[PDB]
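# Notes for the structure review
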Amino acid sequence: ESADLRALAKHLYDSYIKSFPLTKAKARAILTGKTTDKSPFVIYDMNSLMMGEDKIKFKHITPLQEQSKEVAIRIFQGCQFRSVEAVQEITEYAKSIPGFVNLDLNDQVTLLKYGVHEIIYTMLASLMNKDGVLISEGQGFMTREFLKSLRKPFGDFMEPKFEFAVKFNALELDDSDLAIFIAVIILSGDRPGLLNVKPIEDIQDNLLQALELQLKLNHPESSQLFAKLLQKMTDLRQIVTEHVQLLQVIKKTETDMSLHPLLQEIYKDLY
Ligand SMILES: Cc1oc(-c2ccccc2)nc1CCOc1ccc(C[C@@H]2SC(=O)NC2=O)c2sccc12
Ligand SMILES: Cc1oc(-c2ccccc2)nc1CCOc1ccc(C[C@@H]2SC(=O)NC2=O)c2sccc12
Ligand SMILES: CCCCCCCCC(=O)O
């Protein structure tokens, strides 16, 4: 019935607001500079990156052994820390999806392990436009050109996310749409190694119905938005699997290189 589906949509939106401090709405307000609550420092080359480090307050601190004087590695570490924050936000959010916590714990672990990066890239798009991306909770704005011009493959690290984002962002979802979509991602019955797929697919069937109603009500003029959104899950998968391969190539070209321990656990036996 439609009433239960609407209550689910509201419940998920409420949980998403409690779990994710930086929402798309706040990111869009920052990106549209007519909301001059402040203004992010624009980073576009080495000098501006070094200047931004002076001006931006960083929350996360790499161990001294893993600090690098090299611009591309410091940026890489900035990205990792966004993922370490997001994994914990996503976990809190997942526990509020009805039925998730009653699943076998091993299946909960599997759904998070394989779901977090597809969500991370979904919400990364909320911080991007065709010209660049917000960094450090919106204190800075790193340009896309700059990110393309990084050495070794870090151009291949950034550009596919930008290509995804500008198309994903043309769907014009809001946070109340995204709250349901990321729950659909988590409750994926096709993750490797799942033990009881049927209880997962039964939750996802309910989430898909709530997502379908929500897009119908919230985007009445957007033709086939539901279908187009679900097709983006294919793009998201490709970004993750290509990222995983790319990381297996940086390891060869740097034996000493370091992932945050949380990302080491996520990537371990991932694909
Ligand atoms: C928070 C974090 O981020 C990363 C990481 C991020 C990006 C790439 C690779 C790794 N890993 C950790 C966990 C470990 O974080 C620490 C361990 C130990 C110390 C104390 C001295 S410093 C040193 O180098 N070894 C020590 O015992 C210190 S101090 C500030 C941190 C820290
Ligand atoms: C690009 C950038 O720079 C900074 C920054 C720079 C200096 C200081 C502070 C911040 N902020 C951002 C935005 C965040 O953009 C990302 C977040 C997370 C990921 C995924 C990780 S990175 C990895 O290898 N495994 C993961 O989970 C990836 S990937 C391409 C981008 C990306
Ligand atoms: C690693 C060089 C300095 C930047 C690291 C930024 C991580 C903290 C943050 O802004 O989220």
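Basis of the calculations
Summary of conventions: residues on each chain are numbered from 1 in written sequence order, possibly unlike the entry numbering, and any residue without coordinates is omitted from what is shown. Think of it this way: whatever chain is written first is A, whatever ligand is written first is 1, and the rest follow in order. Side-chain metrics rest on all non-hydrogen atoms present in the structure, leaving aside hydrogens and water. Strands here are runs of E lasting at least two residues and helices are runs of H or I lasting at least four, both read from the DSSP assignment and numbered beginning at the N terminus. Note that the radius of gyration is over C-alpha atoms, with the globule rule given as 2.2 Å times the number of residues to the power 0.38. Whether a residue is buried, partly exposed or exposed follows from its accessible area with a 1.4 Å probe, protein chains only, as a fraction of its type maximum: under 20%, in between, or over 50%, in that order. Here, residues are in contact when the closest pair of their heavy atoms is within 4.5 Å. Only the protein chains shown count as covering a residue, and every accessible area follows the Shrake-Rupley method with a 1.4 Å probe. By convention in these notes, a salt bridge is any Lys or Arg side-chain nitrogen within 4 Å of a carboxyl oxygen on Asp or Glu. Near, as used in this document, describes a residue that has one of its heavy atoms within 4 Å of the molecule or strand being considered. Distance and chemistry together define a polar contact, namely a pair of N or O atoms within 3.5 Å, with one atom able to donate a hydrogen and the other to accept it when in protein, and with adjacent residues in sequence counting only for side-chain atoms on both sides. At least two DSSP bridges between two strands are needed for those strands to be called paired. To get an axis, fit a line to the C-alpha atoms, keeping to the stretch in contact for a helix; angles then go from 0 to 180 degrees between the N-to-C directions.

As stated in the entry header, the method of structure determination is X-ray crystallography and the reported resolution is 2.1000 Å.

With that out of the way, let us pick up the overall build of the protein. Across its full length, the protein carries 11 helices and four strands. Relative to the compact-globule value of 18 Å for 271 residues, the protein shows a C-alpha radius of gyration of 19 Å, a close match. Principal-axis analysis of the C-alpha atoms places the extent of the protein at approximately 60 × 45 × 30 Å. In the protein, which comprises 271 residues, the proportion classed as buried is 48%. If you take every contact in the protein between residues at least 6 apart in sequence, the share linking residues at least 24 apart comes to 76%. When the accessible surface of the protein is totalled, it reaches about 14,300 Å², and 54% of it is carbon and sulfur.

Turning to unusual backbone geometry, a few remarks are in order. Within the chain, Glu 137 stands out as a residue other than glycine whose phi angle is a positive 55 degrees. By relative accessible area, which is 52% here, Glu 137 ends up exposed. The phi torsion at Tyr 271 lies on the positive side, around 55 degrees, for a residue other than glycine. By secondary structure assignment, the location of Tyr 271 is in the segment after α11 (261-267).

Another point: the side chain of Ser 15. Structurally, the position occupied by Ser 15 is in helix α1 (residues 2-19). Leave out the neighbours within four places in its chain, and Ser 15 touches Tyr 93 and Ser 96.

Following the criterion strictly, the structure yields 15 salt bridges and no others. With a closest N to O distance of 2.9 Å, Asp 202 and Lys 198 form a salt bridge. Of this pair, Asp 202 and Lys 198 both sit in helix α9 (residues 197-218), four residues apart, which is roughly one turn of the helix. Judged by relative accessible area, which is 43%, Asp 202 ranks as partly exposed. Each of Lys 59, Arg 82, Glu 85, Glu 89 and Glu 137 takes part in one network of salt bridges that share partners.

In the neighbourhood of ligand 2, 20 residues make up the surrounding shell, with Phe 76, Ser 83, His 117, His 243 and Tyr 267 lying closest. One of the side-chain nitrogen or oxygen atoms of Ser 83 is found 2.5 Å away from an oxygen atom of ligand 2. Between ligand 2 and the protein, one listed contact pairs an oxygen atom with a side-chain N or O atom of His 243 at 2.9 Å. For ligand 2, whose unbound accessible area comes to 680 Å², protein coverage reaches 94%. At the level of elements, α4 (71-95), α5 (105-124), α7 (154-169), α10 (225-250) and α11 are the ones that each hand at least two residues to the shell around ligand 2. By residue number, the principal contributor to the shell around ligand 2 is α4, which donates six residues.

Below, the discussion takes up the side chain of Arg 144. Within the secondary structure layout, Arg 144 lies in helix α6 (residues 144-148). Other than its neighbours up to four places away in sequence, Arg 144 contacts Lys 130, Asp 131, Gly 132, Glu 159, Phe 162, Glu 163 and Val 166.

Right, let's get into the sheet that holds strand β4 (residues 140-143). Here we have four strands laid out as an open sheet, ordered β1-β4-β3-β2, and mixed in their pairing. Edge positions in the open sheet fall to β1 (41-43) and β2 (128-129), since each of these has one partner strand only. In this structure, β2 lies alongside strand β3 (residues 132-135), joined through two bridges in antiparallel fashion. For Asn 129, the partnering residue across the bridge sits in β3 and is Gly 132. Across the sheet, helix α3 (residues 46-55) touches β1 and β4, and the angle it forms with β1 is around 150 degrees.

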